[PDB]
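One letter stands for each residue in the lines below.
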Amino acid sequence: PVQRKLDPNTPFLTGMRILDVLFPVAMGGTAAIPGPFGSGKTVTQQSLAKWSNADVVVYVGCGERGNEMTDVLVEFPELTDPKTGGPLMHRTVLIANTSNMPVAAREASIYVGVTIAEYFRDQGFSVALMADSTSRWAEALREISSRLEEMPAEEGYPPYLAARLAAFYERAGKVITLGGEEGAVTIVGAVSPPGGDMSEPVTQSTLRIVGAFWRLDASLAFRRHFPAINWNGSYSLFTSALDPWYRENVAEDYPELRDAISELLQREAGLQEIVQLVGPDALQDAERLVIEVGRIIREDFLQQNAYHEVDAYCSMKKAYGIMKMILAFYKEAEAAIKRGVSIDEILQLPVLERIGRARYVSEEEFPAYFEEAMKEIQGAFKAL
Amino acid sequence: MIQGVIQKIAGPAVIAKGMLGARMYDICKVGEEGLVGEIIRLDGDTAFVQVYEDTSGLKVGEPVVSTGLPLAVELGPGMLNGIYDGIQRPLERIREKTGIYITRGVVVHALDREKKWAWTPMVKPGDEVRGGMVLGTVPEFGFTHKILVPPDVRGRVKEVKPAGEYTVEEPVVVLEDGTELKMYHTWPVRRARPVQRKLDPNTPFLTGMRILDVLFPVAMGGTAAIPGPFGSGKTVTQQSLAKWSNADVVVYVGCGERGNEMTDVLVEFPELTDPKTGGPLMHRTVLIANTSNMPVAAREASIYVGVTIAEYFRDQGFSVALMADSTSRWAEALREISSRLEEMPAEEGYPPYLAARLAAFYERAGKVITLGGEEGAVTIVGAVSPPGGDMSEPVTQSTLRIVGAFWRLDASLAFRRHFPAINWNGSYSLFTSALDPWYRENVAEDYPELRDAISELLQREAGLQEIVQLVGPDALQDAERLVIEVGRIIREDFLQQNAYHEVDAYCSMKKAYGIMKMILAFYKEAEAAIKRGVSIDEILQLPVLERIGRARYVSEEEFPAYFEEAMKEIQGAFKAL
Amino acid sequence: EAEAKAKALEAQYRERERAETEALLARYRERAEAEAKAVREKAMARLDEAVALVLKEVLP
Amino acid sequence: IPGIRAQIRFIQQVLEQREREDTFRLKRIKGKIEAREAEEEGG
Amino acid sequence: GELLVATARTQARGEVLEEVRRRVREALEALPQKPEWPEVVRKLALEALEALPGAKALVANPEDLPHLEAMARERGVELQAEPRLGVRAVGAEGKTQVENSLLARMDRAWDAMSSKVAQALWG
Amino acid sequence: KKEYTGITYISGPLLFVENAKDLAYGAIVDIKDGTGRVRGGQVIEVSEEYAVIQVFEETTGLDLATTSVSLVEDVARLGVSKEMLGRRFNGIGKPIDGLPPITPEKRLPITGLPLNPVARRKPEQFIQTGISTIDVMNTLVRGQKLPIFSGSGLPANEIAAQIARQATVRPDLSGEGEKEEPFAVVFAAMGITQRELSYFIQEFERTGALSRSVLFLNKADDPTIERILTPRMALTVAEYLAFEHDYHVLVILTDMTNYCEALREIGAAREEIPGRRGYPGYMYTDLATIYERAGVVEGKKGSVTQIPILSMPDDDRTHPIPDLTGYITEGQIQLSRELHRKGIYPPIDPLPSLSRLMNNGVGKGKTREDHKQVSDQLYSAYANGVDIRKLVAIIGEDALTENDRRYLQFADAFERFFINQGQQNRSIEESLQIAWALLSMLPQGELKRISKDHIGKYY
Amino acid sequence: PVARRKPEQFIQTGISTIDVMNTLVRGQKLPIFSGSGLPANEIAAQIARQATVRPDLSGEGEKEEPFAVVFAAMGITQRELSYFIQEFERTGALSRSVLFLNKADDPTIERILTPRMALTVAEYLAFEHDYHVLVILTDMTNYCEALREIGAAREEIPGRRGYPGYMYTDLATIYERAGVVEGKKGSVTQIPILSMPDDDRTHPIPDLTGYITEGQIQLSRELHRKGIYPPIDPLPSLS
Ligand SMILES: Nc1ncnc2c1ncn2[C@@H]1O[C@H](COP(=O)(O)OP(=O)(O)O)[C@@H](O)[C@H]1O
Ligand SMILES: Nc1ncnc2c1ncn2[C@@H]1O[C@H](COP(=O)(O)OP(=O)(O)O)[C@@H](O)[C@H]1O
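Residues numbered from 1 in each chain as written, not as in the entry; some residues may be left out. Chains lettered and ligands numbered in written order. Part of a larger assembly, values for the part shown. Heavy atoms only, no water. Residues with missing side-chain atoms left out of burial classes, pairs and counts.

Method of determination for the deposited model, per the PDB record: cryo-EM, at 6.7 Å resolution.

Written out as structure tokens, the structure reads:
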């Protein structure tokens, strides 16, 4: 239990450039991804499980491929905390779980590590929990049902859905205790919808429960990209509380530039459409302007790679800087083209690839990289 | 026997009580026309019957009579030129006796029991045999009807009559264990008559119609089903193939059919003569057809009928062609029947009791050498009623998984009519690989070369359609549109064939190899022509184009008449223009 | 005649090959034949006791 | 436009018809429950 | 060649085990005459009785029938009809024919611990 | 043993006989019947007074007397040997070859035990398949389970045979010995055909690959029931050779499409809801357990190197089955639709083409110290190509920047060559090589995934 | 269907087009595919009396196939029923003709009888009384329609969505008769009139109806627009 209700106001942090950044999310909040098959679900998870801000890592995968976590058992000791370098096994117990184990064990699993999470949250020590797929709950439950032969509601689903969902999350929060110490509960549940069904009971029901939808498309990502979500098939709802916190912490203008960034990122859709209507056959200016811009912004500059050190580990301030490049380029571009410049000449500006190489620049180096990089902007524009 | 009487009715299903110690599936006579059901369920004492006839008007407590055996169908003489059809009963006599109708429950003998036959002993007495020897001939029609020891039947021979004329009701060969071999036997029809070894396609099994063969050759188990919307060609391609074969024996089942669909049909085979010979085609073909005005389930029954006849003959070394219309029957049958018997579904009334049997038809199907040491290869020819008129259906899809080739047909062409309107675009054959010697043996090798070179045309033509509609056939330049109006001809006497214009009706590999080659020329001549700056427009004027249109009016004798003929005329004028 | 050289290459390649394989099975098979007998002969010995042993076990 | 129309429909209809099967199943299920309740309350 | 060699060996081994089977079978079948057959009966008879709570039945060959007049008196208090090397018997109503033939020992064992005898042979 | 009386329900190959209340879960029985034919049943479910039998056969000729029921085991197991090396097997777990059965040298449950995940040695173990397709894209360790979404004319078996011949070790990017890495030819079946039959057989005669060979065998003529049983059978043989004879077992799970079909029947026949498009959902599970047999093994050079194989309905990977199949399995292979038509040998698409292993335990040393970012470039590079394949096909005849020409250009190139293999080797460098050649005409300075060095390195 | 004589004599209709597109003799099914705003009703009526058989053209005197019809109005409207009255009175069509009637209002079941009933009449009189008879019900839309709400009461799955499958069965009974017979100068030509679901050749509603039987006519409302009289399917169109 807790003493009393306390608001979160401190964000979750691990600096994923959208999920965090363009979707500022409470620490005491909890939020979620779905997943069609083999869709990088769990792959997201463990970047987060080291570049967390959290106090306690809490591993469970919910009747999963042994193989897919056989590894991690071994990895995490020889993983490295930032603060301490320690075996991450310090702050985790490991409740990874598999799938010749009882069906019903699959439930137990959840129902244990949630509670454990509480025991610490109680102690003010603040959850990072990750579930591989709540669907496995579904998958179990209604197989109970059947085997007990009780008519389950429509879609072939008995109805303990909201029931066993909504309640559990409500335990969560940034919550002050009888012992004072205030445990946030930061948990991120995946889901396995095999159908893309925003319309699987579980999906939709759970949409508009806990914070921030994020989505998995697959064949996008099948390229380079991860994390494919629809950007405009995701949300944040914590972009007022933490707005203080950012305002100082990073910068006071941090949402100003960031909101200004996302602005384009979706506003661009304006143009997107015409492409799909009639191409960029109108290869023209404020079109193909924007086009490239937003592209780059995501193309690498949201596109972290967990499988690199530097692509996915990053800071606020690093990113913060980065956005400002682009912006910049834009700024001078507005007046470039106006001068009579074609986007053509803008196009082969070499300094843009210099602007690109950031995912290879460590955070210390990052300053100086940036400190330089702003300059070449003004140099590679004003001249012309 | 196993006995008791009736208990309940739920339309053509029945359960019955008084039944105990009861076998599972038999001949179940019931009531006043011995009404021919089946022991499906045994729970308690209580047999789910399912009839194969109309049932109606009845009451509880009627005799229920359970043989102790299910259909094991009389095999042996009288076979060809036959009707036994689905009920198993030969129409002949019946036709008269039941007025002109068909009328329920009307038994007859399942063969012409007292028709004498050409007893040829091949054997001597005292002798030791096995199931599946041949004992004897009855050469009837052209053909040396093997008098099969049936499986499981071995050993001592007591006597062996001398040759002559003997009804099947005479036993001619008494075994010295005491077996009076009368000349037919009963072969459990859901039991597969087995074989010695399954054998291995080597040579196409041809049966006419050009492209179909040339492109989509076959195994000697064969199979492909025809997906085809209503109206489509299918239904009378089998009938085309009624003429055209390479077969030994010729097996036609009409698979639960309506009569007007099938009037001319019935007679028409009797109007076909034999091409291995010249007497009736009936002298090797068999009417096995039965109705849509008897239940579904007797069609289900029908299905087993086909195969088993085939097997017998296949065991008699034969290239057997079976071409059953419509799995929409088979399907349909059980696709209701469960419901009757209420059992658990699967969607679209699919009982997942399903490609079990479908499969099984194929398993039973094959190319083989049999117990008798005798080769044979029953080749099988599926057709389908698409349900939307178009596909969705596992009953097609896994069906694909388990048939040799597949086929695929087009509505639009049907408007013009096209014999066929195949869409290779869909369709394939894999048999394209197993036969390959026999290609270049019989043909020669540039059929395996030229043929791919024919596809390539239409292949890129597909891609070109795009551009045709995307601009016109006009933004185009010379070389493209070449190939475009090539394609037409490739189709034109490849998808117009016809079954009433007599020349049109038959085509051989001779008829093939020839016409493939022609076209090539045109290509190459124009290919050079237009690179001598020429406009293809001029080429249109070739009277020769109609001349190739006379292909299915050229007939095989005249085919090396016409072959060589056009060659030169191409190579002259356009090599000069 | 360079085509001839190549033809000639075939000859020996086909001939020797045939011969060697044609021998190979025979020889091996006959060693099998030999060995086979000799294991029967081993068996003979350890026949009687196996049965004796076997017979006792089943009885109650 | 009309091409893609006809798609939806095709879809729909199947999805929709699914409802029935369910029901069809459920019907029998009810039958079970009720059979139980006839011969466990009766017998 | 190698596959044929393997088979060759196997061919022999099967023959061997198969002989051993024949002998056991033959041997077991020459038991009934012996007075150690009347003795051997009742083991399985009693055992079957152990198997059947409620005992009613019991079968014995016309030769055998004598051996159990002791347990014709006991058991199902019954002896009727003929089994072979082995005993059958029904009990617990009828219903349940639950037996244990010495030949039912055979179909378990022969094949079972076939492994050790074969080991003894080869090895 | 225990012998029983009376039918209680017969209809479908679903059985009941009463007087049974006294059995343990899951039991191999027979049903001797005075027909002269025995038939066989598993006690799939037990009840307090009869139980559910799962018949293996036709029901036919069955009668209320003949009825003799027979405990074979009240559990289920089977024996094991490596005498069963090289041996042929029906699905009934009987070696059909006319060779007298081998002997059990140990015997163990069919289902077998779960496995500590901690105990499973990681996969990481690249070997060379000789097909670039694999050998770049999805990346073949050993352990892996990956499957070829396939169907109509899509030609699994064929392709599988390539592998049957081009399975080959790489001790050599890792400086090892060479007796180290024995595979194990192990073959299984399902539904199978005659036209397939010899075609298969021939590769054991062509590749000698009767070599160490278990081959379970199962057409469809045979009653349905054993389709699903047998997998497990074979799957259990595997471990034995895998740990104890240390193989990198070639696992030939061998379509799985039929599995579910029959299974489902049995299901639902009793009751189980489909819940899923006319399929019981717990299929997942039902196939989970299958796969749950997996792993490189610590302390032993067992590696459960898996080939699952499947058909899938239509083209559609969206179909219920291949769905979860997806979820489960590590790898992921599709054959290109595109390429049957124009006949490339082999027709393989570059679409579900990442697996779950390439970086993780892997990607250099074992590979070589430039590859990753190459591959990683090529992914989106190729995407970028085909993307316009449509857009173009309205908008320009061209109107592209002809840098963007190159992009689309480079697809067709890459494929046309790449996706035809002869009977080649192909090795990691023979790959790379090609790779760079396609990269060539692509300028440097677009290659943002890559760093400057490697590219010009490899011009 | 081994005890009849196939047909050959020719349904002469006063509408060219028909006798253009089709072949139209005397032992067959020709399902007229219809719709709202489609004029079927008239056509069969029109051609009722504007139909003859002329065997003169075939080299037999015209004393020898006698012209009669059946057609009994089921399942149809008020107004629609009330129309055809005078039209009959105009040519003497009703003279040899029976309407058991329903007009869409009397128990469902009636609708399903009167077809085969109407049929069977002729089954006697056609061959036995050697009449050469034209038959064309209307509104087989309603047959299936109603028929399904029948078997609702029996509770087995719809054979397909919104349709019976035990449908097919009946479609035996209808069609598995027609035309001349050995020794008999009857004949029956029995012709469907029912819409497609709207327009839609993709619904078993017509589809299956297709599969089975012979002929196929449609009319084209995309020629109503011009008002072509007759209008037809121009390229689907098949006998
Ligand atoms: N976050 C990521 N960064 C880089 N690669 C990724 C990422 N997520 C997924 N991938 C790649 O895409 C593949 C597909 O995801 P996968 O791991 O199979 O699925 P899941 O996480 O849903 O179990 C991964 O195996 C990996 O190759
Ligand atoms: N090859 C053909 N293409 C188009 N229609 C054809 C062709 N051959 C015959 N027909 C027409 O189709 C009718 C039906 O026969 P068929 O096409 O085999 O099939 P279905 O039984 O599917 O209607 C024939 O009576 C004739 O009118």
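On we go from here.
Here we come to the overall build of chain D. In terms of helices and strands, chain D carries 1 helix and 0 strands. Referenced to the eigenvectors of the C-alpha coordinate spread, the extents of chain D come out at roughly 60 × 5 × 5 Å. (Helix = DSSP H or I, 4+ residues; strand = E, 2+ residues; numbered from the N terminus.)

Bringing the overall build of chain F into the picture now. When you go through chain F residue by residue, the secondary structure sums to 13 helices and 17 strands. Excluding contacts between residues fewer than 6 apart, the proportion of contacts in chain F whose partners are at least 24 apart in sequence is 72%. (Contact = heavy atoms within 4.5 Å.)

Further remarks concern the interface of chain F and chain E. Interfaces are often sized by the accessible area lost when the parts come together. Residue-level contacts link 5 residues of chain F with 5 residues of chain E. Of the residues in the side of chain F that touches chain E, the class split is 1 nonpolar, 1 polar and 3 charged. (Nonpolar A, V, L, I, M, F, W, Y, C, P; charged D, E, K, R; others polar.)

With that settled, the discussion passes to the arrangement of the chains. Looking across the 5 pairs of chains in contact, one finds the most contacts between chains B and F. The two partners chain B and chain D share no contact, and the minimum distance between any of their C-alpha atoms is 7 Å. Between chain C and chain G there is no contact, and the shortest C-alpha to C-alpha separation is 58 Å.

Moving on: the sheet that holds strand β17 (residues 197-199) of chain B. All names here are of chain B. Taken together, the 6 strands give an open sheet; going across it, the order is β17-β23-β24-β22-β18-β20, and neighbouring strands pair in mixed fashion. Every interior strand has two partners, whereas the edge strands, β17 and β20 (285-287), have only one. The sheet shows a mean angle of 20 degrees between the axes of neighbouring strands, taken without regard to direction. Examined bridge by bridge, strand β23 (residues 366-369) and strand β24 (residues 377-381) share 2 bridges and lie antiparallel to one another. Residue pairing in the sheet places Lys 367 in a bridge with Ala 377 of β24. (Pairing = 2+ DSSP bridges. Axes fitted to C-alpha atoms, helices over the stretch in contact; angles between N-to-C directions.)

Before going further, it helps to examine the interface of chain B and chain F. The interface of chain B with chain F comprises 9 residues on the first partner and 10 residues on the second. Looking at side-chain class alone, the side of chain B that touches chain F contains 4 nonpolar, 2 polar and 3 charged residues.

On to unusual backbone geometry. With an omega of -15 degrees, the peptide bond between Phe419(B) and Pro420(B) qualifies as cis. With respect to the helices, strands and loops of the structure, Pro420(B) is situated in the loop between α9 (411-416) and α10 (436-443). Residues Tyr229(G) and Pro230(G) are joined by a peptide bond in cis, for which omega reads 25 degrees. Examined against the element boundaries, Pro230(G) turns out to sit in the segment after β7 (217-218). In the Ramachandran plot, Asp130(G) falls in the positive-phi region, its phi being about 55 degrees despite a non-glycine side chain. Here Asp130(G) shows up in the loop between α5 (114-125) and β5 (132-135).

A few words now on the pairing of strand β1 (residues 2-10) of chain B. All names here are of chain B. As paired strands, β1 and strand β6 (residues 63-66) are joined by 4 bridges and run antiparallel to one another. By the bridge assignment for β6, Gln 3 is matched with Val 65. Linking two consecutive strands that pair antiparallel, namely β1 and strand β2 (residues 13-17), is a turn of 2 residues; a positive phi of about 50 degrees is found at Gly 11 within it.

With that out of the way, let us pick up the pairing of strand β4 (residues 37-46) of chain F. Within a regular strand, the side chains alternate between the two sheet faces. Residues and elements named next belong to chain F. Note: strand β3 (residues 28-33) against β4, 6 bridges, orientation antiparallel. Paired with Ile 31 across the strands is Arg 39, a residue of β4. Between β3 and β4, which follow one another and run antiparallel, lie 3 residues, and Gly 36 among them has a positive phi close to 95 degrees. For β4 and strand β5 (residues 51-55), the ladder comprises 4 bridges, and the chain directions are antiparallel. The residue bridging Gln 42 from the neighbouring strand is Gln 54, located in β5. Linking β4 to β5, which pair antiparallel, is a turn of 4 residues.

A separate point is the sheet that holds β5(G). All names here are of chain G. The strand order β4-β5-β6 describes an open sheet built from 3 strands, whose pairing is parallel. Sheet topology places β4 (67-69) and β6 (188-190) at the edges, where each strand pairs with a single neighbour. Here the strands of the sheet are splayed against their neighbours by 20 degrees on average, with no regard to which way each runs. In the sheet, β4 pairs with β5 via 3 bridges, with the strands oriented parallel. Bridging across to β5, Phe 67 finds its partner in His 132.

All names here are of chain B. Mapped onto the secondary structure, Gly 222 falls in the loop between α2 (210-214) and α3 (234-243). Residues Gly 222 and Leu 358, spaced 136 residues apart in sequence, show a C-alpha to C-alpha distance of 14 Å. Discounting chain neighbours no more than four positions away, the residues touching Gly 222 are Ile 380 and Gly 404.

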